Each structure stands twice: as structure tokens, then as C-alpha cells.
Amino acid sequence: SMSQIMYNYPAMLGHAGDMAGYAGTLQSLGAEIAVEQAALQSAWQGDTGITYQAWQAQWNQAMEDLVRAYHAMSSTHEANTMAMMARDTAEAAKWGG
Amino acid sequence: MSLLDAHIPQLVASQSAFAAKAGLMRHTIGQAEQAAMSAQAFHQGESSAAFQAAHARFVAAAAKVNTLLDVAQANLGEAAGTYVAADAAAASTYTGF
């Protein structure tokens, strides 16, 4: 617990713009490539490495984690209310120290 | 009763939209990463572990999107004709229990 250190008010903790959008933007971006390649499936070879089925699943699985990687830093967004004890989601659930 | 140029496309395939899309992806990340910088102006120093992990997580996933963008064009052919003989450790990956 480190709240009596130097955290008077929620200055940095919390939100400050639209970061959630920047990340989600990647997901929608990849969807375009996934649907595009789907139209040229017949052109796909498959004897070079990745297949049409593998690429589809792999891609989605990639973009998914690729986006979260950006939200990771913004994870502190909810950390704001965390200061409250009434809720207690990551605190009561935590087990470190 | 021959219909010459009525409801047919033009420069829709020869131009290769796939390629234009692949490059549009990196654009989202390149520009997005810049945003995180402007906000990092908080104090402007060097120390940043919490942010490091998040920063490394993104680049770690990018390898999946980039590698998939090459195989897609290489397998589709018409999509694009390029390669990246750089190799990496992320290309191997690993899974436990």
C-alpha cells in the first residue's frame, strides 16, 4: 500500500484523453486485411508456410494480443477508482507483498 | 449486343489494394506510438519499468502482424512481392504448461 506517500489527488492516475481508441484502431485495421485476403484465398498456395485457415486464426489471435499490448499501459485508467476501498477489485484479489 | 465497358471495374486489381492495406497497418502503430511519447513528457527522464513492459509487449506482438503481412503477399502473389530475411527469436516462440 502506497497512498500516504504523495498521492493527494488523482492527477496522473485515471484517464486523460482517448487511448482506448488508439488501441482498438489496430483491431479494425487488421480486419480489413483479413477480409481482403479472404477474397484471394483461391490464389493462396499453402505449400510455402502459413495456410489460409492458419493465417485467418493466427492473424486474429495476433491483432487481439497486439491491441491489448497498448492498453496494458492504459491499464492504470481504472487504477484511479482503485484508491477507494468500497470497491476493492485488484487489492482484495491481490496476493503479493 | 456486346457490352464494352458498362459495369466492369478498372485498375482495381492491377493497382493491388492488398499492398496499400499492408502499409496502412504499420501507419496505425507508427503514429500511435508517437502519441505515447507526447504524453510521456510528464517528467521526461529515462526511468520507466512499468512502461517498458507495455512497450515491449507491443513490439513483441507486431512481429506476428508483420510476419503475417509478408506471408500473405508472398502466398497471394498479386498482393505484393517482397521479403524480410532478418529472422528473430519471436518467430520461434515457446509454450509450457
# chains A, B, ... in the order shown; residues from 1 in each chain; ligands from 1
$ interface_residues --of "chain B" --to "chain A" --cutoff "7 Å" --atoms "only C-alpha atoms" --output "ChimeraX atom specification"
/B:18,21,25,28,32,51,54,57-58,61-62,64-65,68,71,75-76
$ select_by_dssp --residues "chain A" --states "alpha helix (DSSP H)" --output "short mmCIF file (atom, residue, chain, number, x, y, z; two decimals) with N, CA and C atoms, in the first residue's frame"
data_model
loop_
_atom_site.label_atom_id
_atom_site.label_comp_id
_atom_site.auth_asym_id
_atom_site.auth_seq_id
_atom_site.Cartn_x
_atom_site.Cartn_y
_atom_site.Cartn_z
N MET A 19 -7.19 6.99 -25.28
CA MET A 19 -6.18 5.99 -25.58
C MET A 19 -6.82 4.68 -26.01
N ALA A 20 -7.93 4.32 -25.36
CA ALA A 20 -8.64 3.09 -25.68
C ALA A 20 -8.95 3.01 -27.17
N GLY A 21 -9.14 4.16 -27.80
CA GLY A 21 -9.44 4.19 -29.22
C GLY A 21 -8.23 3.86 -30.08
N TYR A 22 -7.09 4.43 -29.73
CA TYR A 22 -5.86 4.20 -30.47
C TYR A 22 -5.58 2.70 -30.61
N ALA A 23 -5.75 1.97 -29.51
CA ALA A 23 -5.52 0.53 -29.50
C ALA A 23 -6.55 -0.19 -30.35
N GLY A 24 -7.83 0.05 -30.06
CA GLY A 24 -8.89 -0.59 -30.81
C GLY A 24 -8.79 -0.33 -32.30
N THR A 25 -8.13 0.77 -32.66
CA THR A 25 -7.97 1.13 -34.06
C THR A 25 -7.21 0.05 -34.83
N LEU A 26 -6.27 -0.59 -34.15
CA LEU A 26 -5.48 -1.65 -34.77
C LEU A 26 -6.35 -2.85 -35.13
N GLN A 27 -7.21 -3.25 -34.20
CA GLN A 27 -8.11 -4.38 -34.42
C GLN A 27 -8.91 -4.20 -35.70
N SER A 28 -9.57 -3.05 -35.83
CA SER A 28 -10.38 -2.76 -37.00
C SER A 28 -9.51 -2.69 -38.26
N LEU A 29 -8.28 -2.21 -38.09
CA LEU A 29 -7.34 -2.10 -39.21
C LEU A 29 -7.01 -3.48 -39.77
N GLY A 30 -6.69 -4.41 -38.89
CA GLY A 30 -6.35 -5.76 -39.32
C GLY A 30 -7.51 -6.46 -39.98
N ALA A 31 -8.72 -6.20 -39.49
CA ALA A 31 -9.92 -6.82 -40.04
C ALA A 31 -10.01 -6.60 -41.55
N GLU A 32 -9.49 -5.46 -42.01
CA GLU A 32 -9.51 -5.14 -43.43
C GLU A 32 -8.62 -6.09 -44.22
N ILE A 33 -7.47 -6.42 -43.66
CA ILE A 33 -6.53 -7.33 -44.31
C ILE A 33 -7.04 -8.77 -44.26
N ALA A 34 -7.74 -9.10 -43.19
CA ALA A 34 -8.28 -10.45 -43.02
C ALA A 34 -9.40 -10.72 -44.02
N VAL A 35 -10.23 -9.71 -44.27
CA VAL A 35 -11.34 -9.85 -45.21
C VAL A 35 -10.85 -9.75 -46.65
N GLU A 36 -9.78 -8.98 -46.86
CA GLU A 36 -9.22 -8.81 -48.19
C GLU A 36 -8.60 -10.11 -48.69
N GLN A 37 -7.71 -10.69 -47.88
CA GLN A 37 -7.05 -11.94 -48.24
C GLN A 37 -8.07 -13.05 -48.46
N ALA A 38 -9.19 -12.97 -47.75
CA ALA A 38 -10.24 -13.97 -47.86
C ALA A 38 -10.81 -14.01 -49.27
N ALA A 39 -10.69 -12.90 -49.99
CA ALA A 39 -11.19 -12.81 -51.35
C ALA A 39 -10.21 -13.42 -52.34
N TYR A 52 -4.35 -20.73 -45.48
CA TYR A 52 -5.47 -19.79 -45.43
C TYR A 52 -6.21 -19.89 -44.10
N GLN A 53 -6.35 -21.11 -43.60
CA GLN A 53 -7.04 -21.34 -42.34
C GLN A 53 -6.17 -20.91 -41.16
N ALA A 54 -4.89 -21.24 -41.23
CA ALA A 54 -3.95 -20.89 -40.17
C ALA A 54 -3.73 -19.38 -40.11
N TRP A 55 -3.61 -18.76 -41.27
CA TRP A 55 -3.40 -17.32 -41.35
C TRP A 55 -4.59 -16.56 -40.76
N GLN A 56 -5.79 -17.03 -41.05
CA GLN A 56 -7.01 -16.40 -40.55
C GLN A 56 -7.02 -16.39 -39.02
N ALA A 57 -6.89 -17.57 -38.43
CA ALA A 57 -6.88 -17.70 -36.97
C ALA A 57 -5.68 -16.98 -36.37
N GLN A 58 -4.50 -17.23 -36.93
CA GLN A 58 -3.28 -16.61 -36.44
C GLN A 58 -3.39 -15.09 -36.44
N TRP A 59 -3.83 -14.54 -37.57
CA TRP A 59 -3.98 -13.09 -37.69
C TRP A 59 -4.82 -12.53 -36.55
N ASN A 60 -6.05 -13.02 -36.43
CA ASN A 60 -6.96 -12.57 -35.38
C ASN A 60 -6.30 -12.69 -34.01
N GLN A 61 -5.69 -13.84 -33.75
CA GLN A 61 -5.02 -14.08 -32.47
C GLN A 61 -3.87 -13.10 -32.27
N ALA A 62 -3.30 -12.64 -33.38
CA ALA A 62 -2.18 -11.70 -33.32
C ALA A 62 -2.67 -10.28 -33.02
N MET A 63 -3.61 -9.80 -33.83
CA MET A 63 -4.16 -8.46 -33.65
C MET A 63 -4.75 -8.30 -32.25
N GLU A 64 -5.42 -9.35 -31.77
CA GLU A 64 -6.03 -9.32 -30.45
C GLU A 64 -5.00 -8.96 -29.38
N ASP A 65 -3.92 -9.74 -29.32
CA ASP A 65 -2.87 -9.50 -28.35
C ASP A 65 -2.08 -8.24 -28.69
N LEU A 66 -2.03 -7.91 -29.97
CA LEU A 66 -1.31 -6.73 -30.43
C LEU A 66 -1.95 -5.46 -29.88
N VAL A 67 -3.28 -5.45 -29.81
CA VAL A 67 -4.01 -4.30 -29.30
C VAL A 67 -3.87 -4.18 -27.79
N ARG A 68 -4.15 -5.28 -27.09
CA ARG A 68 -4.05 -5.30 -25.64
C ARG A 68 -2.69 -4.79 -25.17
N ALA A 69 -1.66 -5.06 -25.97
CA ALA A 69 -0.31 -4.63 -25.64
C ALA A 69 -0.25 -3.12 -25.43
N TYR A 70 -1.14 -2.40 -26.10
CA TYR A 70 -1.19 -0.94 -25.99
C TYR A 70 -2.03 -0.52 -24.80
N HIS A 71 -3.10 -1.26 -24.54
CA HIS A 71 -3.99 -0.96 -23.42
C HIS A 71 -3.33 -1.30 -22.09
N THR A 76 -3.84 1.50 -16.04
CA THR A 76 -3.92 2.34 -14.85
C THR A 76 -5.18 3.21 -14.88
N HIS A 77 -5.83 3.26 -16.03
CA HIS A 77 -7.05 4.05 -16.19
C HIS A 77 -8.05 3.73 -15.09
N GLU A 78 -8.26 2.44 -14.84
CA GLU A 78 -9.20 2.00 -13.82
C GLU A 78 -8.55 2.04 -12.44
N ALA A 79 -7.22 2.10 -12.42
CA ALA A 79 -6.48 2.13 -11.17
C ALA A 79 -6.89 3.34 -10.32
N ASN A 80 -7.49 4.33 -10.96
CA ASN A 80 -7.93 5.54 -10.27
C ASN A 80 -8.89 5.19 -9.14
N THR A 81 -10.07 4.70 -9.50
CA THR A 81 -11.08 4.34 -8.52
C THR A 81 -10.54 3.31 -7.54
N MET A 82 -9.52 2.57 -7.96
CA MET A 82 -8.91 1.55 -7.11
C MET A 82 -8.58 2.12 -5.73
#
$ atom_distance --atom1 "atom CA of residue B:79" --atom2 "atom CA of residue B:8"
20.6 Å
